[PDB]
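What follows is a short report on a single structure.
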Amino acid sequence: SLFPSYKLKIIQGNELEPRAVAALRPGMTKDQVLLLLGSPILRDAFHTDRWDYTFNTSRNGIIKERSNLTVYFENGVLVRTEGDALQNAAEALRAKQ
Amino acid sequence: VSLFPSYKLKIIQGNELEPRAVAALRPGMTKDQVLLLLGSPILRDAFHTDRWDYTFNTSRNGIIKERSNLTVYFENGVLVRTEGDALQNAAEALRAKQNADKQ
Amino acid sequence: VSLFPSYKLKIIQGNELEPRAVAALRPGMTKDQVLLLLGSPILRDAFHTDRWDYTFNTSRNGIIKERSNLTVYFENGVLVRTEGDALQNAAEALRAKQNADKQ
Amino acid sequence: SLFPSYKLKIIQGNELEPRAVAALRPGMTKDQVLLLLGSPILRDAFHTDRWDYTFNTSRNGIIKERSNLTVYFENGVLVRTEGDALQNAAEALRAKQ
Ligand SMILES: [Zn+2]
Ligand SMILES: [Zn+2]
């Protein structure tokens with residue numbers, strides 16, 4: 001064969017919950033974000049005030065995108081968020097309407 | 001740059017524990033090598049992240065019986081360390097398959 | 001969430017102009033639909049970018065004869081506008097194929 | 001067939017030039033970045049001081065990653081850079097050594 005052939009496994013899990021992501025607001029305590037999103041995987045020193053999440057995004061039975069989310073804290077409350085998951089959840093809810 | 005005009009790709013979507021794959025991990029493996037062996041973890045950019053985390057399922061009769069976690073660490077682009085109970089659960093499943101060959 | 005346990009994927013790597021594909025663009029197409037028709041543009045995250053830019057090549061006898069640019073715009077997740085000389089170059093190639101059928 | 005089958009085209013072009021990306025330094029004029037990287041595609045008002053680039057990253061004949069680069073300017077000189085391409089070029093040169 002002139003063209004190669006490979007087998008790739010895409011890990012399933014942590015499907016994006018748009019309502020949970022679109023629920024984050026500045027001023028929420030760390031405990032609030034835990035109740036909304038669950039604990040992140042990393043919990044070292046550098047990630048005490050920076051929590052990383054990664055979600056799977058599926059459409060029509062296919063995993064299409066890994067959507068990342070970062071939550072920043074100061075004095076135990078949420079100060080800002082960034083990542084693809086924010087837009088991913090916003091447009092997912094707007095498409096559901 | 002030289003590129004294949006086309007290639008074929010079979011995708012598996014799941015998180016079932018693959019004992020033989022986990023048991024084949026070796027120090028010095030590249031990130032490309034680990035990806036083809038264990039699968040693409042739930043990371044936006046695995047190529048440029050030095051720690052990957054997996055959560056595997058062990059199911060029998062269609063029921064998840066236990067969950068196994070695996071963490072792989074990379075330094076200078078090669079594998080150097082592993083953590084998580086997926087390592088021991090994989091070794092126990094391989095040895096259980098051996099004991100069953102001997103009845 | 002319901003997922004296919006596995007699916008097959010044939011990948012084409014190139015930037016050759018595909019006249020029929022360009023000529024099949026319609027208003028209202030989703031981003032998933034445009035991706036399967038024209039290809040995945042050189043964008044990190046096309047799903048969440050509202051403008052995509054393509055640069056196509058027209059080659060004959062293995063020599064790039066001209067380059068065609070295409071820009072697609074999305075609003076509310078569907079296609080609404082196109083720019084670039086790939087549109088006219090694709091229409092001219094399709095009509096040239098027709099004229100050749102008539103000798 | 002129980003499993004679907006799809007055809008996907010991955011667009012070739014704009015291959016990452018690690019030396020060019022690793023050459024960017026604060027204080028370079030816009031003209032310098034043009035000579036190093038060429039012009040970006042977007043050139044509207046919002047992108048007068050923010051230039052976006054995207055590159056293909058290939059290994060062993062396969063396109064593996066689309067690597068993005070953003071260059072920020074103030075008073076016509078480069079102030080900072082961000083994107084995957086920076087790490088992508090750094091580790092590509094370190095692996096070439
Ligand atoms: Zn990367
Ligand atoms: Zn996205």
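Residue names in the structure tokens use chain letters A, B, ... in the order shown, residue numbers from 1 in each chain, and ligand numbers from 1 in the order shown.
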
Ligand 2 neighbours within 10 Å using only C-alpha atoms and all ligand atoms, as a VMD selection string: (chain A and resid 57 64 to 68 83 to 89) or (chain B and resid 44) or (chain C and resid 44 to 49)

Stretch 65-67 of chain C surroundings by only C-alpha atoms, 9 Å radius, close-in-sequence under 5 positions cut, as a PyMOL selection string: chain C and resi 17+55-60+85-86

Taking the backbone alone, and naming residues the way the document does, which bits of stretch 1-64 of chain C are helix (DSSP H, G or I) by DSSP, as a PDB file with N, CA, C and O atoms, in the first residue's frame?
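Okay, states-v8.pdb is ready:
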```
ATOM      1  N   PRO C  19     -12.799  22.039  -7.679  1.00  0.00           N
ATOM      2  CA  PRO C  19     -13.871  22.898  -8.213  1.00  0.00           C
ATOM      3  C   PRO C  19     -15.269  22.518  -7.755  1.00  0.00           C
ATOM      4  O   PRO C  19     -16.037  23.394  -7.335  1.00  0.00           O
ATOM      5  N   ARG C  20     -15.625  21.233  -7.821  1.00  0.00           N
ATOM      6  CA  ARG C  20     -16.983  20.827  -7.474  1.00  0.00           C
ATOM      7  C   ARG C  20     -17.305  21.161  -6.024  1.00  0.00           C
ATOM      8  O   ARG C  20     -18.418  21.598  -5.712  1.00  0.00           O
ATOM      9  N   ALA C  21     -16.341  20.967  -5.123  1.00  0.00           N
ATOM     10  CA  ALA C  21     -16.567  21.291  -3.718  1.00  0.00           C
ATOM     11  C   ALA C  21     -16.856  22.776  -3.543  1.00  0.00           C
ATOM     12  O   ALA C  21     -17.846  23.159  -2.906  1.00  0.00           O
ATOM     13  N   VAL C  22     -16.002  23.632  -4.104  1.00  0.00           N
ATOM     14  CA  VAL C  22     -16.211  25.073  -3.996  1.00  0.00           C
ATOM     15  C   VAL C  22     -17.547  25.462  -4.613  1.00  0.00           C
ATOM     16  O   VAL C  22     -18.261  26.328  -4.092  1.00  0.00           O
ATOM     17  N   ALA C  23     -17.912  24.829  -5.729  1.00  0.00           N
ATOM     18  CA  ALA C  23     -19.154  25.163  -6.417  1.00  0.00           C
ATOM     19  C   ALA C  23     -20.394  24.668  -5.683  1.00  0.00           C
ATOM     20  O   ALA C  23     -21.508  25.029  -6.078  1.00  0.00           O
ATOM     21  N   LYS C  31     -20.620  24.702  10.146  1.00  0.00           N
ATOM     22  CA  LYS C  31     -19.166  24.606  10.084  1.00  0.00           C
ATOM     23  C   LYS C  31     -18.724  23.167   9.854  1.00  0.00           C
ATOM     24  O   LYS C  31     -17.759  22.918   9.121  1.00  0.00           O
ATOM     25  N   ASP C  32     -19.422  22.205  10.460  1.00  0.00           N
ATOM     26  CA  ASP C  32     -19.124  20.800  10.200  1.00  0.00           C
ATOM     27  C   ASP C  32     -19.320  20.461   8.727  1.00  0.00           C
ATOM     28  O   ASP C  32     -18.563  19.666   8.159  1.00  0.00           O
ATOM     29  N   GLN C  33     -20.335  21.052   8.093  1.00  0.00           N
ATOM     30  CA  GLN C  33     -20.602  20.755   6.690  1.00  0.00           C
ATOM     31  C   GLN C  33     -19.524  21.336   5.784  1.00  0.00           C
ATOM     32  O   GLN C  33     -19.086  20.680   4.833  1.00  0.00           O
ATOM     33  N   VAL C  34     -19.085  22.565   6.062  1.00  0.00           N
ATOM     34  CA  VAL C  34     -18.040  23.177   5.248  1.00  0.00           C
ATOM     35  C   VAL C  34     -16.721  22.434   5.426  1.00  0.00           C
ATOM     36  O   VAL C  34     -15.949  22.280   4.474  1.00  0.00           O
ATOM     37  N   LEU C  35     -16.440  21.962   6.645  1.00  0.00           N
ATOM     38  CA  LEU C  35     -15.198  21.232   6.886  1.00  0.00           C
ATOM     39  C   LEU C  35     -15.112  19.981   6.018  1.00  0.00           C
ATOM     40  O   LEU C  35     -14.061  19.689   5.438  1.00  0.00           O
ATOM     41  N   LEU C  36     -16.206  19.223   5.923  1.00  0.00           N
ATOM     42  CA  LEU C  36     -16.195  18.002   5.127  1.00  0.00           C
ATOM     43  C   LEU C  36     -16.171  18.285   3.632  1.00  0.00           C
ATOM     44  O   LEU C  36     -15.775  17.413   2.851  1.00  0.00           O
ATOM     45  N   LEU C  37     -16.580  19.482   3.216  1.00  0.00           N
ATOM     46  CA  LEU C  37     -16.650  19.819   1.802  1.00  0.00           C
ATOM     47  C   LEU C  37     -15.333  20.394   1.287  1.00  0.00           C
ATOM     48  O   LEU C  37     -14.805  19.929   0.273  1.00  0.00           O
ATOM     49  N   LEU C  38     -14.791  21.397   1.977  1.00  0.00           N
ATOM     50  CA  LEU C  38     -13.578  22.076   1.544  1.00  0.00           C
ATOM     51  C   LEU C  38     -12.323  21.562   2.230  1.00  0.00           C
ATOM     52  O   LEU C  38     -11.244  21.596   1.629  1.00  0.00           O
TER      53      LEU C  38
END
```

Spatial neighbours of stretch 70-72 of chain D, 8 Å, only C-alpha atoms, chain gap at least 4 places, as an NGL selection string: :D and (49-53 or 78-83)

Neighbours of chain A in chain C at 8 Å, counting only C-alpha atoms, as a PyMOL selection string: chain C and resi 1-4+48

Option closest in space to ligand 1, from D:37, D:96, D:16, D:73 [counting only C-alpha atoms and all ligand atoms]: D:16

Distance filter 8 Å, only C-alpha atoms, chain B against chain C, as a PyMOL selection string: chain B and resi 3-14

Go ahead and save the picked residues with N, CA and C atoms, as a tab-separated table (two decimals), in the first residue's frame.
```tsv
chain	number	residue	atom	x	y	z
B	3	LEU	N	4.96	15.01	2.65
B	3	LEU	CA	3.74	14.55	3.29
B	3	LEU	C	3.13	13.40	2.51
B	4	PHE	N	2.51	12.48	3.23
B	4	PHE	CA	1.69	11.46	2.59
B	4	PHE	C	0.50	12.14	1.91
B	5	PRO	N	0.23	11.87	0.63
B	5	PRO	CA	-0.97	12.46	0.02
B	5	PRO	C	-2.24	12.03	0.71
B	6	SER	N	-2.22	10.87	1.36
B	6	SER	CA	-3.39	10.35	2.05
B	6	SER	C	-2.95	9.24	2.98
B	7	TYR	N	-3.70	9.07	4.07
B	7	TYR	CA	-3.49	7.94	4.96
B	7	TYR	C	-4.83	7.56	5.57
B	8	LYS	N	-4.90	6.33	6.07
B	8	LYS	CA	-6.12	5.80	6.65
B	8	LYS	C	-6.02	5.80	8.17
B	9	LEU	N	-7.15	6.03	8.82
B	9	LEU	CA	-7.20	6.19	10.26
B	9	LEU	C	-8.45	5.52	10.80
B	10	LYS	N	-8.26	4.53	11.67
B	10	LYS	CA	-9.36	3.90	12.38
B	10	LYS	C	-9.39	4.46	13.80
B	11	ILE	N	-10.53	5.02	14.19
B	11	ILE	CA	-10.67	5.68	15.48
B	11	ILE	C	-11.46	4.77	16.42
B	12	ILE	N	-10.95	4.61	17.64
B	12	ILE	CA	-11.66	3.94	18.72
B	12	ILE	C	-12.03	4.99	19.74
B	13	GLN	N	-13.31	5.04	20.11
B	13	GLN	CA	-13.81	5.96	21.12
B	13	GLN	C	-14.25	5.15	22.33
B	14	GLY	N	-13.54	5.31	23.43
B	14	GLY	CA	-13.84	4.59	24.65
B	14	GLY	C	-12.80	4.90	25.70
```
